[PDB]
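We did not get these values from a lab; they are worked out from the coordinates using the rules stated. In this analysis, Cβ positions are derived from the backbone assuming ideal geometry, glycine residues included, and neighbour counts consider all displayed protein chains.
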Amino acid sequence: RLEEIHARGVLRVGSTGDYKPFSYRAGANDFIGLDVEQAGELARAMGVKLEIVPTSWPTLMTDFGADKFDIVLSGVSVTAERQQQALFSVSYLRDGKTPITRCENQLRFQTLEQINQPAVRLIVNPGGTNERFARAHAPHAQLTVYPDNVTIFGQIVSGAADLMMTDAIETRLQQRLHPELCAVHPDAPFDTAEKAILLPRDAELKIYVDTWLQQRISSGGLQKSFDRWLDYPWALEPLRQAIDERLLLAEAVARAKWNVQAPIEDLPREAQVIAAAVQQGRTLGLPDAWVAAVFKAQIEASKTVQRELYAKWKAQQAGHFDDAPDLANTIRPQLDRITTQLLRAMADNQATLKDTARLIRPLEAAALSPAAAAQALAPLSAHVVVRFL
Amino acid sequence: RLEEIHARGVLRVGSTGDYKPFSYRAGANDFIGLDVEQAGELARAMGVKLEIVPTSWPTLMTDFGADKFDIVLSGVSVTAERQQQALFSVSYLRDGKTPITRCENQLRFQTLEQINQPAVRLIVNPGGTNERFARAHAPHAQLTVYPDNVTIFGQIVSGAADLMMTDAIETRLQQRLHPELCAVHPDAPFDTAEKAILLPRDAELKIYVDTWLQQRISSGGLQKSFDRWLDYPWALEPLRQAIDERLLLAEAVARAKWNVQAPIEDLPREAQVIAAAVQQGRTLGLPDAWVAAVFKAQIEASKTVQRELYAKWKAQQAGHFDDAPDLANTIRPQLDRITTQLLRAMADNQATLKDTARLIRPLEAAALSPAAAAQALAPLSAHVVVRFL
Amino acid sequence: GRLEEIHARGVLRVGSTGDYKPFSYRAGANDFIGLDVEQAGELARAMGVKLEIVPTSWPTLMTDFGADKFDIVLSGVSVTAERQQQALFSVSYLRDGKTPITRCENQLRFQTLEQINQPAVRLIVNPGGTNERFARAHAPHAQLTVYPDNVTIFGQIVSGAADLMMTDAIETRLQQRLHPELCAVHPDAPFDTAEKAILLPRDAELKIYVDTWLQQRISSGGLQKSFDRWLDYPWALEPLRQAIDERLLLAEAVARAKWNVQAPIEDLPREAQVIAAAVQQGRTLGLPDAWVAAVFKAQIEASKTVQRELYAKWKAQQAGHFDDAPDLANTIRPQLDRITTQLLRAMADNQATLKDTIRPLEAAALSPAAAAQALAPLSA
Amino acid sequence: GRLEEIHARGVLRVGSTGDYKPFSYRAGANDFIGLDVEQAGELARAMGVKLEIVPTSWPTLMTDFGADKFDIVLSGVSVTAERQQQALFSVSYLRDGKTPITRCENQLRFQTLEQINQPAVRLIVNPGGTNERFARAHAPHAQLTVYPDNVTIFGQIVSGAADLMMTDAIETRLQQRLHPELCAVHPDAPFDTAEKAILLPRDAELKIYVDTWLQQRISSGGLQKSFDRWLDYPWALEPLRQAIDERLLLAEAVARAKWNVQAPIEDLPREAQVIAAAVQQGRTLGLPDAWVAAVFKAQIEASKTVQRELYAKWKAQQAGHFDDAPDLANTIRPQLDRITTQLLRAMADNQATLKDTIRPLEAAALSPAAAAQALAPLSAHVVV
Ligand SMILES: [Cl-]
Ligand SMILES: [Cl-]
Ligand SMILES: [Cl-]
Ligand SMILES: [Cl-]
Ligand SMILES: [Cl-]
Ligand SMILES: [Cl-]
Ligand code: NA
Ligand code: NA
Ligand code: NA
Ligand code: NA
């Protein structure tokens, strides 16, 4: 197998994309997380390209049998069912299952006895170890099997189920994401399992991966990676998406203004944007001085992109952009939607935004203008956020 | 002393008003809580009126020495400094100090050793046992002293301090109020203290109070009171304040409209109120159908008050109300402020509003119109809140 | 159960340290006395069962609890959080806490925890305790010897071997009476507060039972009464009683030895010497002679009653020679003279206490008549 | 410390149950052997300190840990969450878990947990264990006897007293060799998974030390090697050795008794009868007589060497009469005949195993020469 990879020139890696902090699909061709980073390092070490292949827990082993990928790096628990068809690496992590529920009912679900009874509405994603564990250790409970995820933890928030039981590390993270949810004794889970790399029945590969892993572990490199991706501000990932998406749109804004040969400064639009942001921010209890600064920065950043393009296009004496979207009817609506998103992210994650060596990953739109990207983030640096509050 | 009370005809009771669930000043002449209810029962038993006298922890004993009140019922810990000047009753409760912090950092602050070091930002209210305990058992930490005890737990939510150490029962409550906060091992506090009634140096009174208390305890009456005031929806208390204050203003609205003999229906104002509420609600992620229903009800309730008054005043041939405030300039502004408050309370406490035998205390404005009061609350009954979500 | 498990087993097992007058004192044997032993009694009666005191100590307190060696603990136990981890408590029957005890000269040297907490000062505590925890927390700079017997620990202060101890203010009220040289430091204004309550296991129905019982006792004045009794109780007399007891138990050996040589029981020379020597020694302790003579006459007559009963028994059995019987002149009579000393010193301390004024001696097992004889001149 | 406290104290204290071949077996005495005893050894050497095995058991495992009876535990301990509460673990040196073992006829009767979990079936486990927890969780309906000795528990299945046991697949691979009548049930496909690792105390510097040590051992093939050694190790011979040992230690009593009557050491009648009776009994067990005779000749000659050494010692001391010396005819010789039985049965089981292939007997304390004599005809070459 190891030769087939070297020949094909590419490591195909299964990843569910549903399991923060291991493997998350933020969109696009944009997977992030611990096990995505590791897949990266392994590819580099073999001297080949990486390809993430999407999978899911229900489809995991059938996708393996169809040879859709070479390995799976996705916070996979070593289990015996899986050992039937597959090899595993040495473990890189030790975890296992603990409950997550609304913060009121933490005491209602301390024990498997408390949990295993017909009163209780249990929820799991399908295919999983999470499904197997719920069927084995809580049969009497009422089990809905809910075939989506990231939004499965919504079902508990909204009272539609009572609790879920999942890996204690998933639970530590989801309690940060949903403040209304709480992890149940995650330092003392109900059981133990290894996390390791799913491999095919090929011993030379297993030896390769294991040697690789043991090196990474002993040298501190995995420990480092674990620190990064747990202290990673998963909560700020929407905030980042909003700032990012808004800036990338400045390209379209420029195209449209260019066609009408509008000037870049549009003082009416600036006043409205800021005035409307402040109003919306007051309803969310944000202070106005700060909201204004934030949005001033967003505008100034946009305008830097615009100015760079206008310069370029004046030099070209460029003409008319044919599939440029409408400013009033398409674009400006999108921008106003994002303003909302951005303000809400500011409102929720005021604490998370004061931590300092817990820091966001870099914007896509530094590709477009690194200067503009800096401008946009400037008033969300911890020091100014503390300055305001 | 017991005779001086009977003579004066009034029991003067210290209460800090800062310590849910014992003693809270919701405004006004409006104290509520366990120890306010108890002060009530003691007054009744002596056959006298109750007067709450405001105090605070910093002023507690000086206010006692100035004979500003007879006793103090306010979740007061028995301590030796206080025993110097004062008697105590028998205990009605046994507690003591445990940390509260963001749900992430539960594990960071399990122990006093973990807590007592210069990295950590500790916060306490002044005057207290809480201040004395933090100075004695955690000197190396950074201690900000933040002189308002109701909004102090905001400072932790918002990352401005790391944790607070306070009575484990206060911590049980504040974790319910702020879902993002979590109590640290409140079943296993760092220490123990009695809660009891602060009394003056007079033995006949002490015997009276103690006999009273022992009766209340043995008969189940205190146990009952404890159940009530812990299951009391403290979270919904602002929501209730907003609905209440808004309805009480309908009295002013009627006075003003009466002077101009305006009609009660104003369909423009109705459309604007609802339209503006829905908009604001969208920014808070409330669903619009529900916000509209809620506010329809608030309007219909206002109009019921108006109609009752108009009828009354036609019968009286009442004249002109001289100090009636301006509708456009004074009143309608206030109403719009309260709309904001009300929406935010809806946004936060969607879960709390689905619990059913945890129910709010009755509105002040049932004095004005019980029918209107019913109308206003109707679309915040659990069944309709669940119907919408 | 738990309340049912007790009713079934037919016995209430109660922890008691036996080291903490006036709550719980082990005078020997199966012979516990004090406030909390009396209370354990009343609770047993109320449940309609027998009482069994189970010995414990402060260092072993909670491990003994976890091994289910007893049902409850009644022993002047402070409510503390460590103990609340494993256990329930009753309602408090007392509110107290820690205050210093020191020699009466140095009362003013140790008014405050600042005065106390410094490296000059020699502090002493019994181990296991709240007393140990409090000394470590509130006086770390002082020099701390940990002295593992709580009854004779107050001797160490008297004798200058430590400067002070810090303990429950009620313990301090008592020990200042027992050692006239020691004085309680502001016991009406202790350094802190604690509840005393009954340690219970994690069973709510029992807690409700005990609490209802206790609240009754408190509200009716019955606990207040019990407190008055057991503080005004003449604790001073307990060594005197131990000495009379030990001396009488030796009459068994005396008889064995005399039997082997078939000596007669009455020995008028020995009687005169014993009394004469007691009186002399008593004069040095300022005891009046008439009284010492009476006391020791009684002790002699009591011894002889034991002897006579045994001689009768042994004549009937035709018992032979007792092989491991100690020598009279060389082993036994020395021991008797040692105890005479102890007995006289106990008399000398408690001359006042013996105007005010009892359960049986251990040696009522041997001869109840002799035991009566021995106590007779400590009436009145 | 902790690593410093060990270096200071000069000794590594290691828990071992002594009940779990091939990891940890207590043959007696201060005589532990196995994979994890060998490893404990290597770790001690690496720290530059002496080893002390501290006995423990599964029921007492964690309480003994909390009482600080030892530093670490190396005993084929599964990583479990209960244990993680009080304790750290090393990296795993093995991945295993539970599979059935039963008589070779009933292999097909117990393929699945469904087949196993029902009231017809007589299940057996040792207590304290993961083995007990797993049987209670995954097979409640079965009849569960809890049999508190883990070495002879597999006898109960052989003898039909229970139907099967469920235990670590590696334990099952070994016990099927030891009892030919028993068979492992799909040990390449267990019902579940667990790590084996070293139980450590809450001290991170030590954990780093042990882990670095272990990762080296693993990556270099040294643990794989050690696994091969201790599975191919002739465990069958350990009872045989116990019987030779016990029999020789009795020669001390034999001498005491003969000394009191000043009997001579050589007794050619007794020799002929011992050998004659052993051969007869051996024929019923299908042992060949020539070999049994050799073995027992050696046992006799070895006994006599002990006797001679003691007689010499006692003549020099002019020792007198031994007062609590047992009777020869009535107490001792019976015991010797009981052990002969044991010894022959151990020979009968391990005829194959005695084509392969030792440490000292306990009775080298008594006479090293005699101990050599006793073992001499169980060198391969004499099994001609
Ligand atoms: Cl998994
Ligand atoms: Cl207080
Ligand atoms: Cl405490
Ligand atoms: Cl205590
Ligand atoms: Cl006295
Ligand atoms: Cl195990
Ligand atoms: Na010290
Ligand atoms: Na005194
Ligand atoms: Na053995
Ligand atoms: Na069963």
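Listing for the model above:
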{"item": "Distance histogram for the range A:204-321 (every C-alpha pair counted, 10 angstrom bins, percent rounded to whole numbers)", "result": "11, 26, 21, 16, 14, 12, 2"}
{"item": "Neighbour cut-off at most 12 other Cβ (10 Å), DSSP loop, trypsin sites (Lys or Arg not before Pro), the range C:191-300", "result": "C:202"}
{"item": "Spread of Cα-to-Cα distances over 10 Å intervals beginning at zero, given as percent, for the range D:45-120", "result": "13, 33, 26, 20, 8, 1"}
{"item": "Those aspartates and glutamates that a straight Cα-Cα span of less than 19 Å connects to residue C:355, excepting residues fewer than 8 apart in one chain", "result": "C:228, C:232, C:238, C:289"}
{"item": "37 °C / 0.692 mPa s Stokes-Einstein diffusion coefficient of the range A:220-263, Kirkwood radius on C-alpha pairs, µm²/s", "result": "245 µm²/s"}
{"item": "Under 13 Å, Cβ to Cβ, from residue D:188 - net charge with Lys/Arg +1 and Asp/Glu -1", "result": "+2"}
{"item": "Alpha carbon Rg of the range A:69-157, scaled by the compact-globule rule 2.2 N^0.38 Å", "result": "1.24"}
{"item": "Neighbour net charge for residue D:246 - beta-carbon separation under 14 angstrom, K R +1, D E -1", "result": "-2"}
{"item": "Cross-link partners of residue B:49 among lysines (Cα-Cα below 17 Å; sequence separation of 8 or more within a chain)", "result": "B:68"}
{"item": "Calculated Rg and Dmax of the range C:114-169 using C-alpha coordinates, Å", "result": "10.3, 27"}
{"item": "Antiparallel DSSP beta bridges within the protein assembly as shown, as percent of all bridges there, nearest 5", "result": "60 percent"}
{"item": "Amide proton proximity set for residue C:194, modelled H, under 5 Å, gap of 5+", "result": "C:96, C:97"}
{"item": "Shape call, the range B:1-108: gyration tensor on alpha carbons, a/c limit 1.5", "result": "prolate"}
{"item": "Chain A: most fluctuating residue of A:96, A:127, A:17 per GNM, C-alpha cutoff 10 Å", "result": "A:127"}
{"item": "Sorted by Cβ neighbour density within 10 Å, fewest at the top, the residues C:104, D:183, B:182", "result": "C:104, D:183, B:182"}
{"item": "Mean projected area (nm²) of the alpha-carbon convex hull when chain C is viewed from all directions", "result": "22.5 nm²"}
{"item": "Cβ-defined net charge surrounding residue C:315, 15 Å radius [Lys, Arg +1; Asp, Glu -1]", "result": "+3"}
{"item": "Alpha carbon centroid spacing (whole Å) that separates the range B:111-170 from the range C:122-168", "result": "33 Å"}
{"item": "At q = 0.08 Å⁻¹, base-10 log of I(q)/I(0) for the protein assembly as shown (Debye sum, equal scatterers on each alpha carbon)", "result": "-1.32"}
{"item": "Note, ³J(HN,Hα) from phi for the range B:100-111, Karplus 6.51, -1.76, 1.60, rounded to Hz, x at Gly and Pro", "result": "10, 7, 4, 5, 3, 8, 3, 7, 7, 9, 6, 10"}
{"item": "Solution diffusion estimate, µm²/s, Stokes-Einstein, the range B:332-389, Kirkwood Rh from C-alpha pairs, 25 °C, viscosity 0.890 mPa s", "result": "192 µm²/s"}
{"item": "D (Stokes-Einstein, µm²/s), Kirkwood Cα radius, the range D:197-243, 0.890 mPa s at 25 °C", "result": "187 µm²/s"}
{"item": "The range D:258-268 - phi-based ³J(HN,Hα) in whole Hz, Karplus 6.51/-1.76/1.60, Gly and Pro as x", "result": "5, 5, 5, 9, 6, 5, x, 7, 5, 9, 5"}
{"item": "Given charges at beta-carbon only (K, R positive; D, E negative), |dipole| of the range A:141-280 in Debye", "result": "320 debye"}
{"item": "Cα gyration tensor shape for the range D:294-339, rounded if a/c is under 1.5, else prolate or oblate", "result": "oblate"}
{"item": "Within chain B, helix-based [θ] at 222 nm, where runs of 4 or more DSSP H residues each add -39,500 (n - 2.57), nearest 500", "result": "-14000 deg cm²/dmol"}
{"item": "Largest-first principal axis extents, alpha carbons of the range B:267-389, Å", "result": "48, 31, 21"}
{"item": "Whether the range A:163-224 is rounded, prolate or oblate, judged on the alpha carbon gyration tensor where a/c under 1.5 counts as rounded", "result": "prolate"}
{"item": "Set of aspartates and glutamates near residue C:50 by C-alpha distance (under 16 Å), chain-local residues within fewer than 8 positions excluded", "result": "C:4, C:5, C:31, C:36, C:38, C:42, C:71"}
